[PDB]
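Asks: Below: one structure in structure tokens.
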Amino acid sequence: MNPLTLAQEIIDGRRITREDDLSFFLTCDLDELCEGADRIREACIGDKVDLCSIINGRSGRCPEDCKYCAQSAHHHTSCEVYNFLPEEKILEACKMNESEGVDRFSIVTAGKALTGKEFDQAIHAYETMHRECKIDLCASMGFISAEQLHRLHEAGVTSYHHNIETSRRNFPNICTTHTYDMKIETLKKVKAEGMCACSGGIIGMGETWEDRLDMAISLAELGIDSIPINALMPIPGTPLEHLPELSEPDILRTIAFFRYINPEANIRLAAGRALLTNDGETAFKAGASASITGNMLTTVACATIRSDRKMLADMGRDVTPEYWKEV
Ligand SMILES: C[S@+](CC[C@H](N)C(=O)[O-])C[C@H]1O[C@@H](n2cnc3c(N)ncnc32)[C@H](O)[C@@H]1O
Ligand SMILES: C[C@@H]1NC(=O)N[C@@H]1CCCCCC(=O)O
Ligand code: SF4
Ligand SMILES: [Cl-]
Ligand SMILES: [Fe+3]
């Protein structure tokens with residue numbers, strides 16, 4: 001077995017399982033694994049690169065203890081602190097991302113879960129966006145209930161984001177206040193609601209190569225539709241502030257095997273894209289088919305949205321959103 005023929009087999013319908021020799025993806029040649037991942041992406045996704053965007057709808061004060069997170073109240077960081085934003089600020093950002101041609105937009109909230117009056121405020125914001133704007137809609141709100149997921153879906157939200165973060169084995173080393181099992185339960189609810197599930201995690205936090213493979217396999221078993229691969233941005237004041245940043249070859253290997261293991265998913269670049277040369281150009285040629293663009297939650301964009309769209313179009317990818325296709 002070799003990466004080039006294995007990519008052909010997957011194009012022709014083979015699917016990697018937990019019982020396959022996953023160590024192959026660690027020992028095989030990187031450039032061949034990238035080439036094969038790009039071919040799998042071309043066959044299963046095609047040339048569209050889906051671009052999404054986010055707003056930090058509620059910043060800081062989270063009681064959870066995730067070791068990477070700027071917004072955990074267990075850490076003293078530079079993060080802004082505010083309760084759920086006024087609707088006008090959300091609509092301003094939605095309209096801006098639509099003016100720039102982004103495919104979808106998400107409200108992302110710090111906290112264990114968004115509940116009660118602030119949840120109602122989010123719903124109202126989605127109703128206004130669904131009425132006024134053509135850009136598609138996502139939410140990332142923590143451990144919400146099935147009834148809340150249905151309310152989001154009825155208001156026009158089509159994807160729910162809930163990252164597994166790390167492998168099951170490594171999860172207790174990153175967070176003690178909630179569990180990996182709790183993440184999987186939310187994801188099952190997202191699928192039962194008929195929404196797209198967007199779930200990935202963070203690499204470079206000290207997890208092993210085998211943990212990264214287990215993340216990829218676990219998301220494949222769930223049928224996850226969109227998989228954000230964040231490289232750690234070490235945040236000053238958090239426990240992980242002094243971890244070394246990942247190299248481009250290590251990120252590319254990860255993107256590529258996530259593509260082999262999740263051939264039909266959008267493998268999506270997310271935080272840490274500045275670690276890649278040319279703001280991720282090579283990753284789009286190594287299995288990635290989607291990216292978050294523009295500003296993140298407490299850190300700034302690696303480039304403007306326009307720069308990302310021009311880079312992708314110049315390499316021959318399609319970045320025209322559906323709402324700009326008039327005829
Ligand atoms: C989506 S959560 C917000 C909603 C909710 N509180 C939750 O945890 O599901 C924000 C996402 O940002 C990513 N993230 C946070 N801090 C990061 C960092 N320093 N480097 C890379 N990714 C990070 C994590 O993967 C996390 O899932
Ligand atoms: C929510 C978006 N979806 C995802 O998987 N990561 C994004 C957020 C990245 C945050 C990077 C660190 C920060 O800005 O605090
Ligand atoms: S639950 Fe979400 S906001 Fe809270 S510390 Fe963890 S990643 Fe950050
Ligand atoms: Cl756990
Ligand atoms: Fe603490």
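Following the order of the structure tokens, first chain is A, next is B, and so on, with residues numbered from 1 inside each chain and ligands from 1 in the order they appear.
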Please identify all polymer residues within 6 Å of range 273-280 of chain A, counting only C-alpha atoms, omitting same-chain residues fewer than 2 positions from it, and present them as an MDAnalysis selection string.

Replies: chainID A and resid 248 271 282:283 302

Asks: Kindly work out which residues sit at most 9 Å from ligand 5, using only C-alpha atoms and all ligand atoms, and give the list as a list in words.

Replies: residues 63, 64, 65, 72, 73, 74 and 75 of chain A

Asks: Quick one: residues within 8 Å of ligand 1, with only C-alpha atoms and all ligand atoms, as an MDAnalysis selection string?

Replies: chainID A and resid 62 68:71 108:113 140:143 161:165 200:203 230:235 270:272 297

Asks: May I have the residues from that selection written out with C-alpha atoms, as a PDB file, in the first residue's frame?

Replies:
ATOM      1  CA  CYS A  62     -16.678  31.180  30.378  1.00  0.00           C
ATOM      2  CA  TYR A  68      -6.323  26.578  25.010  1.00  0.00           C
ATOM      3  CA  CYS A  69      -9.100  29.110  25.283  1.00  0.00           C
ATOM      4  CA  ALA A  70      -8.647  32.875  25.651  1.00  0.00           C
ATOM      5  CA  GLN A  71     -12.264  33.202  26.848  1.00  0.00           C
ATOM      6  CA  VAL A 108     -20.126  32.040  18.231  1.00  0.00           C
ATOM      7  CA  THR A 109     -20.644  32.448  21.960  1.00  0.00           C
ATOM      8  CA  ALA A 110     -18.363  31.882  24.926  1.00  0.00           C
ATOM      9  CA  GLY A 111     -19.903  29.909  27.770  1.00  0.00           C
ATOM     10  CA  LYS A 112     -20.963  26.387  28.559  1.00  0.00           C
ATOM     11  CA  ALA A 113     -24.195  26.851  26.598  1.00  0.00           C
ATOM     12  CA  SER A 140     -21.639  27.741  17.746  1.00  0.00           C
ATOM     13  CA  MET A 141     -23.207  27.936  21.189  1.00  0.00           C
ATOM     14  CA  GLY A 142     -21.937  25.075  23.304  1.00  0.00           C
ATOM     15  CA  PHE A 143     -23.997  22.322  24.941  1.00  0.00           C
ATOM     16  CA  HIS A 161     -20.631  23.890  15.169  1.00  0.00           C
ATOM     17  CA  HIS A 162     -19.390  21.810  18.100  1.00  0.00           C
ATOM     18  CA  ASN A 163     -15.733  20.739  18.004  1.00  0.00           C
ATOM     19  CA  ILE A 164     -14.526  17.567  19.661  1.00  0.00           C
ATOM     20  CA  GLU A 165     -11.238  19.536  20.232  1.00  0.00           C
ATOM     21  CA  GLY A 200     -13.162  19.332  14.266  1.00  0.00           C
ATOM     22  CA  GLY A 201     -10.632  20.428  16.791  1.00  0.00           C
ATOM     23  CA  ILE A 202      -7.195  21.807  17.550  1.00  0.00           C
ATOM     24  CA  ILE A 203      -3.885  20.239  16.637  1.00  0.00           C
ATOM     25  CA  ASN A 230      -7.470  24.531  13.829  1.00  0.00           C
ATOM     26  CA  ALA A 231      -3.760  24.780  14.520  1.00  0.00           C
ATOM     27  CA  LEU A 232      -3.171  25.995  18.062  1.00  0.00           C
ATOM     28  CA  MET A 233      -2.762  29.720  18.444  1.00  0.00           C
ATOM     29  CA  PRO A 234      -1.046  29.801  21.857  1.00  0.00           C
ATOM     30  CA  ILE A 235      -2.799  32.486  23.897  1.00  0.00           C
ATOM     31  CA  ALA A 270      -9.624  27.512  10.609  1.00  0.00           C
ATOM     32  CA  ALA A 271      -7.386  29.038  13.280  1.00  0.00           C
ATOM     33  CA  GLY A 272      -3.656  29.158  12.794  1.00  0.00           C
ATOM     34  CA  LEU A 297     -12.821  35.375  18.024  1.00  0.00           C
TER      35      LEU A 297
END

Asks: How many Å lie between CA of residue 210 in chain A and CA of residue 196 in chain A, rounded to one decimal?

Replies: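 Atom-to-atom, CA of residue 210 in chain A to CA of residue 196 in chain A, that is 26.7 Å.
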
Asks: Extract, using only C-alpha atoms, all DNA, RNA and protein residues at most 10 Å from range 129-131 of chain A, discarding same-chain residues fewer than 2 positions from it, and format them as an MDAnalysis selection string.

Replies: chainID A and resid 87 90:92 94:95 105 123:127 133:137 155:157

Asks: Just write the chosen residues, C-alpha atoms, as a CSV table (one decimal), in the first residue's frame.

Replies:
chain,number,residue,atom,x,y,z
A,87,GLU,CA,-28.6,42.6,17.2
A,90,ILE,CA,-24.5,41.0,14.5
A,91,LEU,CA,-26.4,42.3,11.4
A,92,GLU,CA,-23.6,44.6,10.5
A,94,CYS,CA,-23.5,39.5,8.5
A,95,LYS,CA,-24.1,42.2,5.9
A,105,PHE,CA,-21.8,33.3,8.8
A,123,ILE,CA,-32.9,33.6,17.6
A,124,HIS,CA,-34.2,37.0,16.9
A,125,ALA,CA,-30.9,38.0,15.2
A,126,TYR,CA,-31.1,34.8,13.0
A,127,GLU,CA,-34.7,35.7,12.0
A,133,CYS,CA,-29.6,38.7,4.0
A,134,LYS,CA,-28.9,35.9,1.5
A,135,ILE,CA,-25.7,34.5,3.2
A,136,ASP,CA,-26.2,31.1,4.9
A,137,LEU,CA,-26.2,30.8,8.7
A,155,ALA,CA,-34.9,30.4,12.3
A,156,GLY,CA,-32.7,29.6,9.3
A,157,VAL,CA,-29.5,28.1,10.8

Asks: Considering only C-alpha atoms, return as number ranges by chain whatever protein or nucleic-acid residues lie within 12 Å of residue 49 in chain A, sequence-local ones (same chain, fewer than 5 positions apart) excluded.

Replies: A: 41-42, 102-104, 226, 265-269, 281, 283-285, 287-293, 308-313, 315-321

Asks: How would the residues just chosen look if you wrote them out with N, CA and C atoms as an mmCIF file, in the first residue's frame?

Replies:
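Once written, part-v8.cif looks like this:
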data_model
loop_
_atom_site.group_PDB
_atom_site.id
_atom_site.type_symbol
_atom_site.label_atom_id
_atom_site.label_comp_id
_atom_site.auth_asym_id
_atom_site.auth_seq_id
_atom_site.Cartn_x
_atom_site.Cartn_y
_atom_site.Cartn_z
ATOM 1 N N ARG A 41 -10.045 15.023 -2.832
ATOM 2 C CA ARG A 41 -10.857 16.226 -2.740
ATOM 3 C C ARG A 41 -11.468 16.591 -4.079
ATOM 4 N N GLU A 42 -10.674 16.568 -5.146
ATOM 5 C CA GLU A 42 -11.196 16.926 -6.473
ATOM 6 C C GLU A 42 -12.345 16.016 -6.866
ATOM 7 N N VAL A 102 -18.841 35.869 1.108
ATOM 8 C CA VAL A 102 -18.656 34.684 1.942
ATOM 9 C C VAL A 102 -19.904 33.789 1.889
ATOM 10 N N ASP A 103 -19.713 32.455 2.016
ATOM 11 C CA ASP A 103 -20.876 31.574 1.831
ATOM 12 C C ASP A 103 -21.776 31.492 3.044
ATOM 13 N N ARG A 104 -21.200 31.607 4.246
ATOM 14 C CA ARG A 104 -21.987 31.433 5.448
ATOM 15 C C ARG A 104 -21.352 32.181 6.616
ATOM 16 N N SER A 226 -18.498 18.812 7.915
ATOM 17 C CA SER A 226 -17.536 19.896 7.823
ATOM 18 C C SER A 226 -16.610 19.735 8.997
ATOM 19 N N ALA A 265 -16.212 14.983 3.203
ATOM 20 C CA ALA A 265 -16.434 16.138 4.061
ATOM 21 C C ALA A 265 -15.763 17.381 3.477
ATOM 22 N N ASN A 266 -16.206 18.549 3.924
ATOM 23 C CA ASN A 266 -15.396 19.751 3.737
ATOM 24 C C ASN A 266 -14.358 19.784 4.831
ATOM 25 N N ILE A 267 -13.115 19.481 4.514
ATOM 26 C CA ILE A 267 -11.973 19.682 5.407
ATOM 27 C C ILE A 267 -11.640 21.156 5.338
ATOM 28 N N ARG A 268 -11.758 21.830 6.481
ATOM 29 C CA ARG A 268 -11.875 23.271 6.517
ATOM 30 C C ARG A 268 -10.739 23.878 7.334
ATOM 31 N N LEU A 269 -9.970 24.779 6.716
ATOM 32 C CA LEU A 269 -8.927 25.499 7.469
ATOM 33 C C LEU A 269 -9.601 26.496 8.418
ATOM 34 N N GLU A 281 -2.313 28.377 0.911
ATOM 35 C CA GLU A 281 -2.334 27.917 -0.470
ATOM 36 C C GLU A 281 -2.016 26.431 -0.637
ATOM 37 N N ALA A 283 -2.233 24.021 1.468
ATOM 38 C CA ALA A 283 -3.234 23.165 2.084
ATOM 39 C C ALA A 283 -4.417 22.947 1.184
ATOM 40 N N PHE A 284 -4.809 23.966 0.397
ATOM 41 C CA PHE A 284 -5.876 23.773 -0.552
ATOM 42 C C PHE A 284 -5.494 22.806 -1.659
ATOM 43 N N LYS A 285 -4.196 22.509 -1.814
ATOM 44 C CA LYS A 285 -3.683 21.533 -2.756
ATOM 45 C C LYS A 285 -3.305 20.230 -2.066
ATOM 46 N N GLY A 287 -5.778 18.586 0.271
ATOM 47 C CA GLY A 287 -6.955 17.992 0.830
ATOM 48 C C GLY A 287 -7.959 18.990 1.379
ATOM 49 N N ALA A 288 -7.589 20.244 1.661
ATOM 50 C CA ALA A 288 -8.579 21.185 2.172
ATOM 51 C C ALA A 288 -9.528 21.626 1.067
ATOM 52 N N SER A 289 -10.812 21.818 1.432
ATOM 53 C CA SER A 289 -11.832 22.265 0.486
ATOM 54 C C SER A 289 -12.659 23.417 1.024
ATOM 55 N N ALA A 290 -12.256 24.041 2.128
ATOM 56 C CA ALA A 290 -13.085 25.066 2.764
ATOM 57 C C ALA A 290 -12.194 25.815 3.734
ATOM 58 N N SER A 291 -12.645 27.017 4.153
ATOM 59 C CA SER A 291 -11.869 27.754 5.145
ATOM 60 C C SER A 291 -12.762 28.765 5.848
ATOM 61 N N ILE A 292 -12.454 29.025 7.086
ATOM 62 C CA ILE A 292 -12.929 30.244 7.738
ATOM 63 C C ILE A 292 -12.075 31.395 7.206
ATOM 64 N N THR A 293 -12.720 32.504 6.894
ATOM 65 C CA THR A 293 -12.048 33.705 6.378
ATOM 66 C C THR A 293 -12.432 34.889 7.243
ATOM 67 N N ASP A 308 -8.105 36.274 0.427
ATOM 68 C CA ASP A 308 -8.362 34.831 0.375
ATOM 69 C C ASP A 308 -9.118 34.481 -0.884
ATOM 70 N N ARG A 309 -10.138 35.276 -1.234
ATOM 71 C CA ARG A 309 -10.894 34.934 -2.426
ATOM 72 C C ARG A 309 -10.067 35.079 -3.689
ATOM 73 N N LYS A 310 -9.174 36.053 -3.724
ATOM 74 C CA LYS A 310 -8.351 36.224 -4.901
ATOM 75 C C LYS A 310 -7.335 35.109 -5.014
ATOM 76 N N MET A 311 -6.746 34.689 -3.890
ATOM 77 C CA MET A 311 -5.809 33.580 -3.919
ATOM 78 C C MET A 311 -6.477 32.314 -4.450
ATOM 79 N N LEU A 312 -7.688 32.019 -3.963
ATOM 80 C CA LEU A 312 -8.349 30.794 -4.340
ATOM 81 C C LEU A 312 -8.771 30.849 -5.806
ATOM 82 N N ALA A 313 -9.320 31.988 -6.251
ATOM 83 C CA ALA A 313 -9.705 32.073 -7.655
ATOM 84 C C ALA A 313 -8.489 31.975 -8.546
ATOM 85 N N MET A 315 -5.873 30.243 -8.110
ATOM 86 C CA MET A 315 -5.430 28.862 -8.253
ATOM 87 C C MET A 315 -6.440 28.005 -8.994
ATOM 88 N N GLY A 316 -7.524 28.589 -9.466
ATOM 89 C CA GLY A 316 -8.510 27.849 -10.201
ATOM 90 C C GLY A 316 -9.684 27.308 -9.414
ATOM 91 N N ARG A 317 -9.797 27.632 -8.119
ATOM 92 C CA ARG A 317 -10.935 27.173 -7.332
ATOM 93 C C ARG A 317 -12.114 28.111 -7.556
ATOM 94 N N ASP A 318 -13.308 27.610 -7.277
ATOM 95 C CA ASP A 318 -14.528 28.393 -7.375
ATOM 96 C C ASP A 318 -14.847 28.952 -5.991
ATOM 97 N N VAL A 319 -15.011 30.277 -5.891
ATOM 98 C CA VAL A 319 -15.424 30.899 -4.633
ATOM 99 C C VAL A 319 -16.650 31.780 -4.813
ATOM 100 N N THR A 320 -17.425 31.580 -5.876
ATOM 101 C CA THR A 320 -18.614 32.417 -6.059
ATOM 102 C C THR A 320 -19.734 31.874 -5.174
ATOM 103 N N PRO A 321 -20.307 32.657 -4.288
ATOM 104 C CA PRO A 321 -21.386 32.119 -3.464
ATOM 105 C C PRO A 321 -22.676 31.993 -4.270
#

Asks: Could you give me, as an MDAnalysis selection string, the residues within 12 Å of residue 207 in chain A, counting only C-alpha atoms and dropping anything in the same chain fewer than 2 positions from it?

Replies: chainID A and resid 165:174 201:205 209:215 231:232 243 246

Asks: Quick one, how far is CA of residue 244 in chain A from atom 2 (C, counted along the ligand's line) of ligand 2?

Replies: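 Separating CA of residue 244 in chain A from atom 2 (C, counted along the ligand's line) of ligand 2 is a distance of 21.2 Å.
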
Asks: From a DSSP pass on the backbone, collect the residues of range 15-256 of chain A flagged as helix (DSSP H, G or I) and hand them back as number ranges by chain.

Replies: A: 24-27, 30-44, 87-99, 116-132, 146-155, 171-173, 180-193, 209-222, 248-256

Asks: If we count only C-alpha atoms and set the cut-off at 8 Å, which residues sit around residue 296 in chain A, ignoring sequence neighbours fewer than 3 positions away in its own chain? Please answer as a PDB file with N, CA, C and O atoms, in the first residue's frame.

Replies:
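selection-v6.pdb, written as the output of this step:
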ATOM      1  N   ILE A  54     -17.283  34.321  10.986  1.00  0.00           N
ATOM      2  CA  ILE A  54     -17.782  34.244  12.351  1.00  0.00           C
ATOM      3  C   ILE A  54     -17.830  35.623  12.986  1.00  0.00           C
ATOM      4  O   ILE A  54     -17.039  36.512  12.640  1.00  0.00           O
ATOM      5  N   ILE A  55     -18.708  35.783  13.967  1.00  0.00           N
ATOM      6  CA  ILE A  55     -18.629  36.889  14.932  1.00  0.00           C
ATOM      7  C   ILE A  55     -18.560  36.301  16.340  1.00  0.00           C
ATOM      8  O   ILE A  55     -19.204  35.286  16.634  1.00  0.00           O
ATOM      9  N   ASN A  56     -17.780  36.953  17.201  1.00  0.00           N
ATOM     10  CA  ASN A  56     -17.777  36.631  18.629  1.00  0.00           C
ATOM     11  C   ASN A  56     -19.000  37.296  19.241  1.00  0.00           C
ATOM     12  O   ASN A  56     -19.012  38.518  19.484  1.00  0.00           O
ATOM     13  N   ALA A 271      -8.408  28.233  12.627  1.00  0.00           N
ATOM     14  CA  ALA A 271      -7.386  29.038  13.280  1.00  0.00           C
ATOM     15  C   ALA A 271      -5.994  28.580  12.892  1.00  0.00           C
ATOM     16  O   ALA A 271      -5.759  27.422  12.560  1.00  0.00           O
ATOM     17  N   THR A 299      -8.526  36.915  18.076  1.00  0.00           N
ATOM     18  CA  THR A 299      -7.306  37.126  17.302  1.00  0.00           C
ATOM     19  C   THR A 299      -7.716  37.686  15.951  1.00  0.00           C
ATOM     20  O   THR A 299      -8.827  37.474  15.478  1.00  0.00           O
ATOM     21  N   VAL A 300      -6.741  38.341  15.246  1.00  0.00           N
ATOM     22  CA  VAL A 300      -7.088  38.944  13.960  1.00  0.00           C
ATOM     23  C   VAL A 300      -6.845  37.971  12.820  1.00  0.00           C
ATOM     24  O   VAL A 300      -6.162  36.937  12.979  1.00  0.00           O
ATOM     25  N   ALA A 301      -7.505  38.304  11.732  1.00  0.00           N
ATOM     26  CA  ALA A 301      -7.457  37.545  10.515  1.00  0.00           C
ATOM     27  C   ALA A 301      -6.019  37.364  10.085  1.00  0.00           C
ATOM     28  O   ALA A 301      -5.185  38.248  10.276  1.00  0.00           O
TER      29      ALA A 301
END

Asks: If you take only C-alpha atoms and a cut-off of 10 Å, which residues of range 147-190 of chain A touch range 220-224 of chain A, and what are their nearest atom pairs and distances in Å to one decimal, in chain and number order, as a Markdown table?

Replies:
| residue | atom | partner | partner_atom | distance |
| --- | --- | --- | --- | --- |
| A:184 | CA | A:222 | CA | 8.7 |
| A:187 | CA | A:222 | CA | 8.1 |
| A:188 | CA | A:222 | CA | 7.9 |

Asks: Could you turn the residues from that selection into a file that holds N, CA and C atoms, as a PDB file, in the first residue's frame?

Replies:
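Now in selection25.pdb:
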ATOM      1  N   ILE A 184     -20.007  14.372  21.918  1.00  0.00           N
ATOM      2  CA  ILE A 184     -20.632  13.419  21.005  1.00  0.00           C
ATOM      3  C   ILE A 184     -22.152  13.446  21.138  1.00  0.00           C
ATOM      4  N   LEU A 187     -23.473  16.299  19.138  1.00  0.00           N
ATOM      5  CA  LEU A 187     -23.373  16.023  17.710  1.00  0.00           C
ATOM      6  C   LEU A 187     -24.452  15.070  17.247  1.00  0.00           C
ATOM      7  N   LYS A 188     -24.800  14.100  18.080  1.00  0.00           N
ATOM      8  CA  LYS A 188     -25.906  13.212  17.703  1.00  0.00           C
ATOM      9  C   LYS A 188     -27.205  13.988  17.577  1.00  0.00           C
TER      10      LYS A 188
END
